[PDB]
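Before any comments, here is the structure.
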Amino acid sequence: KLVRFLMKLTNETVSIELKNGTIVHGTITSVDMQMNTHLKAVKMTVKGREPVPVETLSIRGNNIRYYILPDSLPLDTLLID
Amino acid sequence: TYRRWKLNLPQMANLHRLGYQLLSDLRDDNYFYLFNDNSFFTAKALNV
Amino acid sequence: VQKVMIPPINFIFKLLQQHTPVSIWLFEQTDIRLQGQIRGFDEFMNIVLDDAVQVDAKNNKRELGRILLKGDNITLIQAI
Amino acid sequence: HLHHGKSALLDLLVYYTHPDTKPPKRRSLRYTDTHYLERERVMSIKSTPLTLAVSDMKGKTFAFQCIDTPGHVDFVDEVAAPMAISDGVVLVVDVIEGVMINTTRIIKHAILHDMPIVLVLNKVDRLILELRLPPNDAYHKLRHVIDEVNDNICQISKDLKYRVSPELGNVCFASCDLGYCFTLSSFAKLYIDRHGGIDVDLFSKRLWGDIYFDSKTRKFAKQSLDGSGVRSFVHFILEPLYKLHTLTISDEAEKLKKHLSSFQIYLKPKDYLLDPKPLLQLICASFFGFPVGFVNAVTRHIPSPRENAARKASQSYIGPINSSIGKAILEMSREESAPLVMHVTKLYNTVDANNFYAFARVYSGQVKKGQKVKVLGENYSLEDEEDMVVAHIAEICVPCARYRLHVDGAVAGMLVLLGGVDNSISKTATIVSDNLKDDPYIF
Amino acid sequence: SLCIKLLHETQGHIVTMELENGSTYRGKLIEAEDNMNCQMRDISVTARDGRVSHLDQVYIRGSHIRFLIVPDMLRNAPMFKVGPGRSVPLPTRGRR
Amino acid sequence: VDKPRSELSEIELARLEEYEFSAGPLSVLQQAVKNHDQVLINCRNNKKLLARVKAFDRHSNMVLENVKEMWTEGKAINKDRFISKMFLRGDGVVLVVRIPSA
Amino acid sequence: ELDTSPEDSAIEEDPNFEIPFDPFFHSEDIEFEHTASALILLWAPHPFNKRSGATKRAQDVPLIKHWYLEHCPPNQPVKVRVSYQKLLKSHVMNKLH
Amino acid sequence: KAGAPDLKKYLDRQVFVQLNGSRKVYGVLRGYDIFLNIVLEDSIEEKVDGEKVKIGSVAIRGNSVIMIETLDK
Amino acid sequence: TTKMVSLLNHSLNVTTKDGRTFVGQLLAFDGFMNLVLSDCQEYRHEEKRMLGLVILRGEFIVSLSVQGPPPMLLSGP
Amino acid sequence: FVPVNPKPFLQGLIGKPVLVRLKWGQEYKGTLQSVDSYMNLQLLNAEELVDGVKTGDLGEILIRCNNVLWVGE
Ligand SMILES: Nc1nc2c(ncn2[C@@H]2O[C@H](COP(=O)(O)OP(=O)(O)OP(=O)(O)O)[C@@H](O)[C@H]2O)c(=O)[nH]1
Ligand SMILES: [Mg+2]
């Protein structure tokens, strides 16, 4: 299983494009093996709408399209079990 | 200190068998119809 | 006097034995419909078709031969 | 009948809805006795009402206004009087003792008054742990008791509407001491939840008389030529019950532990080192949850007050249905403009023998505390207009046996305790509103 | 499941649900399932445009439900704790 | 291997899981990771992904670094966007095509 | 009087009705090694039906109280009957106060 | 696990089925499955225009069934 | 999923697959992320409608956020 | 007279040229050599036949299971 790579990483800023096309940008509080991701101090940008910030927010797993990870992560070591 | 005990089923069965001379064989409590405590209190009160 | 219920899997199994031509609809493609002989299926009822022709709203038949129709799309199974 | 377990049945629900209550040291709880005389004789003498919220097999919550009646022969007043403001009868029969004289009398009087009957076969655990019958003989005993009850029903009316049989969901097998009360449907659902998707009703309707299950064809036969199969009820219900009781009793900690682990029932290690009877109670309360079978049977086979308004009006009410009051009774209107009609069939002592509570069923309309009502006696009529008494209403309570819930107002279809109107009422009475159309009739 | 328990609680009342189409349904719920398949009666169907039609008996499959408007007085329904093995939220008296 | 019955316990489920990437259709991602080959990935929103695949999931949840991403759409104008690292949910994958490095 | 028994009715729709699962406790037997002795103990006098207690003192166990709490055996001499009655009287006075 | 849908009261009755994409089919229900896969006989299909074309014996996938409706009082 | 519990009795706005937004007090949730909201308002497109007690499907839900904190010694010698 | 089930149909077809059809109108041609239990398939030297016209060559292809509509030839 590779979702474990998601919870091995925690508490860092990440940009997310959701399933509806909207883009969110913030640091994760915790992500779930079932792909429920929790976000805090984020940047909510609805498609065709003016961006709005919110303090905390959570995504359902089906709505994640992809991630934008930072470049300060030990990717090689983080991939080991 | 001997303040609580816990016995198995074989041990309790053995103790029940060994002391069988000195326990009742009623298990019904209807045997004591007019010969139970409250009947005695009533009889004492009524002097019968 | 009552009529016995027939589950759909046995219905498709019966169709398989009788070799009855079928007219298969699709999940969202309203106008495209497929027809042919049914040749095999599984618990997920992936349909294995024979003489599969892609009939359209204007009967634009196109021969597809023996094809496997993934179960996710079949909306309706017609008996002839 | 006497000591057949009808108060233990209500204790079973009370234990679940009231977490603070705990079993006593040396006897049964016998909640809803609440009389020092009854606690002395260890038997019910008065019919104490009890209103509480219980949960259905699927999760729906109902408001059961159950009235607990005595089982002694002499106290049938307390059975007939509350039965006139109730929609059905829940008959508790001890399987060991069987149908007795008071059970026969209750059945006759209930069918005579067109009351649906739900049968509870209590004290099932005595068949396993006390009488020690084999599972097949136990099934025969249960079937014989049900047949005797049906005979007593047929002696009054051979109608097929009044018939009790487990396949109709009308009979509950219970052991209120150990704490379970299931039906055929409660085990069919208990199996289904564990083992996947099969319709509960189709499975449950095949778990009664001499329908035989063949373990190799996995099909329900009809005769089971020679000894190929065994009775479905015994195969699926009685034998697992016997094995559960015996695993708990026979001091097999590891086997029981593994089996309950398969059911996701996890016990602390000190719990296996318990007295046999509390261990049975714990196992049965974890295995069988809330007694939802009884609740489901009662909800399905006893009409709601709105559904039962027509029958109540036709049987009890003696006036004309075509009047305004009669129409108000049939629709069971809750609006304030409706006439207030209540039937009082009981009076209850306060915690000190000073004043009485009138036990009434609000048939129609609304009642608020301080409302002006006129009380009609047992023989008030057009000839006798002198039995009416004008009275106020001081306090309105919802009975809960050991306490009361005070409500500012009560609505139609409710059983409430009325305070302030007791002086003119001997036996029964009818309470209507003063500002009302002429010609008030009594029940 | 507490949400399914509340849906079962609704049975017998008038609940409004809208399906993936967008049409809203006004009727009396008479049955409900763990899948949330629903049976309704005396339904007044309001289509997405706003046209009002009427249905008598329906069996709505649960996979196509968006949400339901439960009657207000069900906000006080009790939320029982559910153990691991239990499949229905009910008052508990055993260990857990 | 001779266990596609689909009624398996954990050990044999894991065995088939590894065998599937050993020889099945998903095997291409294995030697794509090992050989570090260019792969073009298309999502269901008509977006193009070219990158190295550092790791992949059995659900095809792939982590991608050095992505070359172009999307097209006024008059049809093609635009690109380069992201250093991304995690891709396998749900949105329509296709992957490997570009051999040699 | 039922036109068709509920049994024949239940079977006659889908006589090929099938359920694959076995009853809950199938590998076990309704009687184990110690079941008979356990049932015997279940209905025993007070000390012997517990398996867990609190170790009373030595002198707090009477051991013959039930002998005279019950009725006197018949054909006993006068002095024995009087002894039974007097011990019962002392016990009654103890319980009353 | 799964659960059998409650449809015994709808067996052998004139029933009306709504499919996805504004489809509409008549028929008398003859069976059902765990996934609500149904079976219809002597059914009739409606189009958007409304002309009724007899459609025959029908085995609809449950995934496409939106509602199942009966008309009797 | 212990964090999911911490949002009970809070006030939440839920953006849905349709595109609407529901604001209300969370009463109970589910493994499939079925949400039960009390005193729920509908944010269409913004127009306000009182909804009441609302049960959301799991699929309908896209994301959720909280707008409000949860509502609300012996002696000596 | 011999019914061939889907999985036997595909494994008895390994290495043969087929035309797969997607849900959304694209059909691909090529040779397949690997299909697993979930019926997502891999192709070799495949090309993309949009509208039935040969535009570009793709080579080896991994197709996810759901995205196909049918498989034939
Ligand atoms: N063994 C066993 N005893 C039970 C069971 N249910 C009740 N009892 C016992 O039966 C006796 C009578 O129980 P009650 O609740 O007082 O029965 P009752 O119907 O209220 O008696 P009345 O009020 O006089 O009619 C008590 O000793 C209960 O503990 C049972 O299921 N099994
Ligand atoms: Mg009683």
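Ligands are numbered from 1 in the order shown, chains are lettered A, B, ... in the order of the structure tokens, and residues start at 1 in each chain.
The residues of chain J lying at most 9 Å from chain F, with only C-alpha atoms taken into account, are residues 33, 34, 35, 36, 37, 40, 41, 42, 43, 58, 59, 60, 61, 62, 63, 64, 66 and 67 of chain J.
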Practice prompt. Kindly work out which residues sit at most 12 Å from ligand 2, using only C-alpha atoms and all ligand atoms, and give the list as a count of residues only.
Written response: 40
Practice prompt. Please report, as a PyMOL selection string, each residue of chain C to which DSSP assigns strand (DSSP E) when run on this structure's backbone.
Written response: chain C and resi 22-24+33-40+47-55+63-69+76-79
Worksheet item: DSSP on the backbone: what in chain J comes out alpha helix (DSSP H), as a PyMOL selection string?
Response: chain J and resi 6-11
Go ahead and write the residues just picked, N, CA and C atoms, as a tab-separated table (two decimals), in the first residue's frame.
```tsv
chain	number	residue	atom	x	y	z
J	6	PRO	N	-15.94	-14.29	-19.66
J	6	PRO	CA	-15.05	-13.15	-19.97
J	6	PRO	C	-13.57	-13.38	-19.71
J	7	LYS	N	-13.19	-13.79	-18.50
J	7	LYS	CA	-11.77	-14.01	-18.23
J	7	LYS	C	-11.17	-15.10	-19.10
J	8	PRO	N	-11.81	-16.26	-19.30
J	8	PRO	CA	-11.30	-17.20	-20.31
J	8	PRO	C	-11.24	-16.59	-21.69
J	9	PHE	N	-12.20	-15.73	-22.04
J	9	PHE	CA	-12.17	-15.10	-23.35
J	9	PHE	C	-10.93	-14.25	-23.53
J	10	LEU	N	-10.56	-13.48	-22.51
J	10	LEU	CA	-9.38	-12.64	-22.67
J	10	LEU	C	-8.09	-13.43	-22.58
J	11	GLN	N	-8.00	-14.42	-21.69
J	11	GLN	CA	-6.72	-15.12	-21.62
J	11	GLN	C	-6.52	-16.07	-22.79
```
Practice prompt. Do a neighbour search on residue 93 of chain D at 8 Å with only C-alpha atoms, toss out local chain neighbours closer than 5 positions, and write the hits as a PyMOL selection string.
Written response: chain D and resi 1+4-5+98-99+103+119-122
List the neighbours of residue 13 of chain C out to 12 Å using only C-alpha atoms; skip same-chain residues closer than 2 positions along the sequence, and give me the result as a compact mmCIF listing (two decimals) with C-alpha atoms, in the first residue's frame.
```txt
# COMPACT_ATOMS: atom_id res chain seq x y z
CA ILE C 6 -36.74 -15.52 -11.26
CA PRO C 7 -33.49 -13.74 -10.32
CA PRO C 8 -31.73 -11.83 -13.11
CA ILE C 9 -28.63 -14.04 -13.16
CA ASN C 10 -30.80 -17.04 -13.98
CA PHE C 11 -32.58 -14.89 -16.56
CA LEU C 15 -30.94 -16.30 -22.43
CA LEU C 16 -27.53 -17.94 -22.87
CA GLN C 17 -29.08 -21.38 -23.33
CA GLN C 18 -31.83 -20.24 -25.69
CA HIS C 19 -29.27 -18.27 -27.77
CA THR C 20 -31.85 -15.50 -27.93
CA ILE C 38 -24.77 -13.80 -25.69
CA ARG C 39 -21.94 -16.29 -25.22
CA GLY C 40 -20.69 -15.92 -21.66
CA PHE C 41 -20.97 -13.85 -18.52
CA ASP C 42 -19.66 -13.76 -14.99
CA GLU C 43 -20.91 -12.71 -11.55
CA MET C 45 -22.12 -9.91 -15.72
CA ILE C 47 -21.24 -9.83 -21.31
CA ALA H 59 -33.39 -7.29 -17.34
CA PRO J 3 -19.97 -20.88 -23.37
CA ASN J 5 -16.68 -16.61 -19.88
```
Item to complete: Skip residue 12 of chain G itself and residues of its chain fewer than 6 positions away, then list as a count of residues only all residues within 10 Å of it, counting only C-alpha atoms.
Response: 5
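Proximity of D:60, D:80, D:306, D:249 to residue 74 of chain E, computed with only C-alpha atoms, is greatest for D:60.
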Interface residues on chain A facing chain I, 12 Å, only C-alpha atoms, written as a PDB file with N, CA, C and O atoms, in the first residue's frame:
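Contents of the output file iface.pdb:
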```
ATOM      1  N   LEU A  18      -8.463  20.121  -6.380  1.00  0.00           N
ATOM      2  CA  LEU A  18      -9.492  19.150  -6.060  1.00  0.00           C
ATOM      3  C   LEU A  18     -10.186  18.671  -7.326  1.00  0.00           C
ATOM      4  O   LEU A  18      -9.815  19.007  -8.451  1.00  0.00           O
ATOM      5  N   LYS A  19     -11.218  17.870  -7.121  1.00  0.00           N
ATOM      6  CA  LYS A  19     -11.839  17.103  -8.184  1.00  0.00           C
ATOM      7  C   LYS A  19     -12.713  17.999  -9.042  1.00  0.00           C
ATOM      8  O   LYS A  19     -12.853  17.763 -10.246  1.00  0.00           O
ATOM      9  N   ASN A  20     -13.318  19.018  -8.430  1.00  0.00           N
ATOM     10  CA  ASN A  20     -14.156  19.992  -9.110  1.00  0.00           C
ATOM     11  C   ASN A  20     -13.351  20.994  -9.911  1.00  0.00           C
ATOM     12  O   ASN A  20     -13.941  21.861 -10.561  1.00  0.00           O
ATOM     13  N   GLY A  21     -12.027  20.905  -9.870  1.00  0.00           N
ATOM     14  CA  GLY A  21     -11.165  21.895 -10.462  1.00  0.00           C
ATOM     15  C   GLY A  21     -10.699  22.981  -9.519  1.00  0.00           C
ATOM     16  O   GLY A  21      -9.829  23.769  -9.900  1.00  0.00           O
ATOM     17  N   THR A  22     -11.237  23.050  -8.305  1.00  0.00           N
ATOM     18  CA  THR A  22     -10.796  24.082  -7.382  1.00  0.00           C
ATOM     19  C   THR A  22      -9.397  23.764  -6.854  1.00  0.00           C
ATOM     20  O   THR A  22      -8.939  22.620  -6.878  1.00  0.00           O
ATOM     21  N   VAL A  24      -6.679  24.350  -3.616  1.00  0.00           N
ATOM     22  CA  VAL A  24      -6.457  24.760  -2.234  1.00  0.00           C
ATOM     23  C   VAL A  24      -4.969  24.698  -1.927  1.00  0.00           C
ATOM     24  O   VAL A  24      -4.222  23.899  -2.498  1.00  0.00           O
ATOM     25  N   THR A  29      -2.885  19.015   8.480  1.00  0.00           N
ATOM     26  CA  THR A  29      -2.855  18.590   9.869  1.00  0.00           C
ATOM     27  C   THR A  29      -2.624  17.092   9.954  1.00  0.00           C
ATOM     28  O   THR A  29      -1.695  16.630  10.624  1.00  0.00           O
ATOM     29  N   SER A  30      -3.456  16.323   9.262  1.00  0.00           N
ATOM     30  CA  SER A  30      -3.284  14.885   9.159  1.00  0.00           C
ATOM     31  C   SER A  30      -4.070  14.383   7.962  1.00  0.00           C
ATOM     32  O   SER A  30      -5.121  14.928   7.615  1.00  0.00           O
ATOM     33  N   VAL A  31      -3.539  13.347   7.335  1.00  0.00           N
ATOM     34  CA  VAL A  31      -4.196  12.663   6.240  1.00  0.00           C
ATOM     35  C   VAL A  31      -4.519  11.255   6.725  1.00  0.00           C
ATOM     36  O   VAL A  31      -3.969  10.774   7.718  1.00  0.00           O
ATOM     37  N   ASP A  32      -5.436  10.597   6.030  1.00  0.00           N
ATOM     38  CA  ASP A  32      -5.968   9.319   6.469  1.00  0.00           C
ATOM     39  C   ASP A  32      -5.621   8.223   5.476  1.00  0.00           C
ATOM     40  O   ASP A  32      -5.491   8.469   4.275  1.00  0.00           O
ATOM     41  N   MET A  33      -5.474   7.002   5.999  1.00  0.00           N
ATOM     42  CA  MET A  33      -5.248   5.855   5.128  1.00  0.00           C
ATOM     43  C   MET A  33      -6.387   5.702   4.141  1.00  0.00           C
ATOM     44  O   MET A  33      -6.206   5.159   3.046  1.00  0.00           O
ATOM     45  N   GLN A  34      -7.567   6.175   4.516  1.00  0.00           N
ATOM     46  CA  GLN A  34      -8.735   6.148   3.664  1.00  0.00           C
ATOM     47  C   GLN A  34      -8.828   7.422   2.811  1.00  0.00           C
ATOM     48  O   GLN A  34      -9.854   7.669   2.174  1.00  0.00           O
ATOM     49  N   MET A  35      -7.749   8.217   2.794  1.00  0.00           N
ATOM     50  CA  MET A  35      -7.505   9.387   1.943  1.00  0.00           C
ATOM     51  C   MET A  35      -8.309  10.632   2.340  1.00  0.00           C
ATOM     52  O   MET A  35      -8.374  11.599   1.582  1.00  0.00           O
ATOM     53  N   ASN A  36      -8.864  10.681   3.540  1.00  0.00           N
ATOM     54  CA  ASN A  36      -9.448  11.912   4.067  1.00  0.00           C
ATOM     55  C   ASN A  36      -8.326  12.816   4.559  1.00  0.00           C
ATOM     56  O   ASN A  36      -7.627  12.472   5.516  1.00  0.00           O
ATOM     57  N   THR A  37      -8.141  13.968   3.918  1.00  0.00           N
ATOM     58  CA  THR A  37      -7.040  14.866   4.240  1.00  0.00           C
ATOM     59  C   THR A  37      -7.553  16.082   4.996  1.00  0.00           C
ATOM     60  O   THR A  37      -8.528  16.712   4.579  1.00  0.00           O
ATOM     61  N   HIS A  38      -6.883  16.413   6.099  1.00  0.00           N
ATOM     62  CA  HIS A  38      -7.247  17.547   6.937  1.00  0.00           C
ATOM     63  C   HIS A  38      -6.249  18.681   6.748  1.00  0.00           C
ATOM     64  O   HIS A  38      -5.035  18.461   6.789  1.00  0.00           O
ATOM     65  N   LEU A  39      -6.765  19.890   6.549  1.00  0.00           N
ATOM     66  CA  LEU A  39      -5.968  21.048   6.176  1.00  0.00           C
ATOM     67  C   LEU A  39      -6.214  22.194   7.149  1.00  0.00           C
ATOM     68  O   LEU A  39      -7.339  22.377   7.619  1.00  0.00           O
ATOM     69  N   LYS A  40      -5.172  22.976   7.441  1.00  0.00           N
ATOM     70  CA  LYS A  40      -5.306  24.136   8.316  1.00  0.00           C
ATOM     71  C   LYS A  40      -4.609  25.336   7.693  1.00  0.00           C
ATOM     72  O   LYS A  40      -3.596  25.194   7.005  1.00  0.00           O
ATOM     73  N   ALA A  41      -5.163  26.521   7.953  1.00  0.00           N
ATOM     74  CA  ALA A  41      -4.636  27.789   7.447  1.00  0.00           C
ATOM     75  C   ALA A  41      -4.394  27.710   5.941  1.00  0.00           C
ATOM     76  O   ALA A  41      -3.269  27.789   5.448  1.00  0.00           O
ATOM     77  N   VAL A  42      -5.490  27.530   5.215  1.00  0.00           N
ATOM     78  CA  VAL A  42      -5.435  27.170   3.804  1.00  0.00           C
ATOM     79  C   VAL A  42      -5.908  28.323   2.935  1.00  0.00           C
ATOM     80  O   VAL A  42      -6.314  29.377   3.436  1.00  0.00           O
ATOM     81  N   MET A  44      -8.460  28.885  -0.118  1.00  0.00           N
ATOM     82  CA  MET A  44      -9.560  28.284  -0.863  1.00  0.00           C
ATOM     83  C   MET A  44      -9.833  29.110  -2.111  1.00  0.00           C
ATOM     84  O   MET A  44     -10.177  30.291  -2.018  1.00  0.00           O
ATOM     85  N   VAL A  46     -12.183  28.729  -5.360  1.00  0.00           N
ATOM     86  CA  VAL A  46     -13.208  28.026  -6.118  1.00  0.00           C
ATOM     87  C   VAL A  46     -13.053  28.397  -7.583  1.00  0.00           C
ATOM     88  O   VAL A  46     -12.744  29.547  -7.913  1.00  0.00           O
ATOM     89  N   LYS A  47     -13.247  27.423  -8.466  1.00  0.00           N
ATOM     90  CA  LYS A  47     -13.142  27.693  -9.892  1.00  0.00           C
ATOM     91  C   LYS A  47     -14.128  28.779 -10.294  1.00  0.00           C
ATOM     92  O   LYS A  47     -15.309  28.727  -9.939  1.00  0.00           O
ATOM     93  N   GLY A  48     -13.638  29.766 -11.037  1.00  0.00           N
ATOM     94  CA  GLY A  48     -14.467  30.893 -11.418  1.00  0.00           C
ATOM     95  C   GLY A  48     -14.962  31.726 -10.260  1.00  0.00           C
ATOM     96  O   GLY A  48     -16.062  32.284 -10.332  1.00  0.00           O
ATOM     97  N   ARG A  49     -14.179  31.833  -9.188  1.00  0.00           N
ATOM     98  CA  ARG A  49     -14.583  32.582  -8.008  1.00  0.00           C
ATOM     99  C   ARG A  49     -13.359  33.254  -7.404  1.00  0.00           C
ATOM    100  O   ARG A  49     -12.222  32.832  -7.618  1.00  0.00           O
ATOM    101  N   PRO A  53      -9.716  32.753   2.172  1.00  0.00           N
ATOM    102  CA  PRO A  53      -9.010  31.902   3.133  1.00  0.00           C
ATOM    103  C   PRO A  53      -9.917  31.413   4.251  1.00  0.00           C
ATOM    104  O   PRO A  53     -10.873  32.075   4.654  1.00  0.00           O
ATOM    105  N   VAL A  54      -9.588  30.230   4.767  1.00  0.00           N
ATOM    106  CA  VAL A  54     -10.295  29.646   5.900  1.00  0.00           C
ATOM    107  C   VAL A  54      -9.274  28.993   6.820  1.00  0.00           C
ATOM    108  O   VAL A  54      -8.190  28.588   6.388  1.00  0.00           O
ATOM    109  N   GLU A  55      -9.624  28.892   8.104  1.00  0.00           N
ATOM    110  CA  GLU A  55      -8.665  28.432   9.103  1.00  0.00           C
ATOM    111  C   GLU A  55      -8.383  26.938   8.993  1.00  0.00           C
ATOM    112  O   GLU A  55      -7.224  26.515   9.040  1.00  0.00           O
ATOM    113  N   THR A  56      -9.423  26.119   8.857  1.00  0.00           N
ATOM    114  CA  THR A  56      -9.251  24.673   8.794  1.00  0.00           C
ATOM    115  C   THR A  56     -10.274  24.076   7.844  1.00  0.00           C
ATOM    116  O   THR A  56     -11.361  24.623   7.656  1.00  0.00           O
ATOM    117  N   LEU A  57      -9.913  22.944   7.247  1.00  0.00           N
ATOM    118  CA  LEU A  57     -10.736  22.371   6.193  1.00  0.00           C
ATOM    119  C   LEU A  57     -10.287  20.942   5.930  1.00  0.00           C
ATOM    120  O   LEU A  57      -9.117  20.606   6.125  1.00  0.00           O
ATOM    121  N   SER A  58     -11.231  20.107   5.496  1.00  0.00           N
ATOM    122  CA  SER A  58     -10.980  18.693   5.249  1.00  0.00           C
ATOM    123  C   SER A  58     -11.555  18.289   3.901  1.00  0.00           C
ATOM    124  O   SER A  58     -12.640  18.736   3.522  1.00  0.00           O
ATOM    125  N   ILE A  59     -10.839  17.426   3.189  1.00  0.00           N
ATOM    126  CA  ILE A  59     -11.266  16.921   1.891  1.00  0.00           C
ATOM    127  C   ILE A  59     -11.723  15.480   2.041  1.00  0.00           C
ATOM    128  O   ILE A  59     -11.128  14.707   2.800  1.00  0.00           O
ATOM    129  N   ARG A  60     -12.771  15.113   1.312  1.00  0.00           N
ATOM    130  CA  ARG A  60     -13.060  13.702   1.129  1.00  0.00           C
ATOM    131  C   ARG A  60     -12.055  13.111   0.153  1.00  0.00           C
ATOM    132  O   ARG A  60     -11.586  13.778  -0.767  1.00  0.00           O
ATOM    133  N   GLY A  61     -11.744  11.836   0.345  1.00  0.00           N
ATOM    134  CA  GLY A  61     -10.686  11.222  -0.434  1.00  0.00           C
ATOM    135  C   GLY A  61     -10.967  11.165  -1.918  1.00  0.00           C
ATOM    136  O   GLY A  61     -10.046  11.270  -2.730  1.00  0.00           O
ATOM    137  N   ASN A  62     -12.227  10.989  -2.301  1.00  0.00           N
ATOM    138  CA  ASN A  62     -12.543  10.898  -3.717  1.00  0.00           C
ATOM    139  C   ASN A  62     -12.309  12.207  -4.454  1.00  0.00           C
ATOM    140  O   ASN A  62     -12.190  12.196  -5.681  1.00  0.00           O
ATOM    141  N   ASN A  63     -12.247  13.325  -3.746  1.00  0.00           N
ATOM    142  CA  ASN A  63     -12.148  14.624  -4.389  1.00  0.00           C
ATOM    143  C   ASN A  63     -10.718  15.062  -4.663  1.00  0.00           C
ATOM    144  O   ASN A  63     -10.514  16.123  -5.255  1.00  0.00           O
ATOM    145  N   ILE A  64      -9.727  14.292  -4.241  1.00  0.00           N
ATOM    146  CA  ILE A  64      -8.341  14.657  -4.489  1.00  0.00           C
ATOM    147  C   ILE A  64      -7.991  14.262  -5.914  1.00  0.00           C
ATOM    148  O   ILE A  64      -8.101  13.092  -6.290  1.00  0.00           O
TER     149      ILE A  64
END
```
Practice prompt. Fewer than 4 positions away in the same chain doesn't count, so skip those; otherwise give me all residues within 12 Å of residue 52 of chain J, counting only C-alpha atoms, as a PyMOL selection string.
Written response: chain J and resi 19-21+25-29+47-48+56
Practice prompt. Please determine the contact residues of chain D with respect to chain H at a cut-off of 6 Å, counting only C-alpha atoms, and supply them as a list in words.
Written response: residues 196, 197, 198 and 199 of chain D
Keeping only N, CA, C and O atoms, write those residues as a PDB file, in the first residue's frame.
```pdb
ATOM      1  N   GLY D 196     -24.250 -11.818   5.991  1.00  0.00           N
ATOM      2  CA  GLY D 196     -24.449 -11.224   4.684  1.00  0.00           C
ATOM      3  C   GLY D 196     -25.878 -11.044   4.229  1.00  0.00           C
ATOM      4  O   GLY D 196     -26.766 -10.831   5.049  1.00  0.00           O
ATOM      5  N   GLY D 197     -26.113 -11.128   2.924  1.00  0.00           N
ATOM      6  CA  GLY D 197     -27.394 -10.741   2.363  1.00  0.00           C
ATOM      7  C   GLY D 197     -28.384 -11.825   2.006  1.00  0.00           C
ATOM      8  O   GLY D 197     -28.255 -12.480   0.970  1.00  0.00           O
ATOM      9  N   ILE D 198     -29.386 -12.011   2.858  1.00  0.00           N
ATOM     10  CA  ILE D 198     -30.542 -12.855   2.584  1.00  0.00           C
ATOM     11  C   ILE D 198     -31.743 -12.193   3.235  1.00  0.00           C
ATOM     12  O   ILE D 198     -31.639 -11.665   4.345  1.00  0.00           O
ATOM     13  N   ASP D 199     -32.868 -12.181   2.535  1.00  0.00           N
ATOM     14  CA  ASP D 199     -34.049 -11.499   3.043  1.00  0.00           C
ATOM     15  C   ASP D 199     -34.453 -12.070   4.393  1.00  0.00           C
ATOM     16  O   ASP D 199     -34.529 -13.288   4.565  1.00  0.00           O
TER      17      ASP D 199
END
```
Item to complete: List the neighbours of residue 53 of chain D out to 7 Å using only C-alpha atoms; skip same-chain residues closer than 3 positions along the sequence, and give me the result as a PyMOL selection string.
Response: chain D and resi 61-64
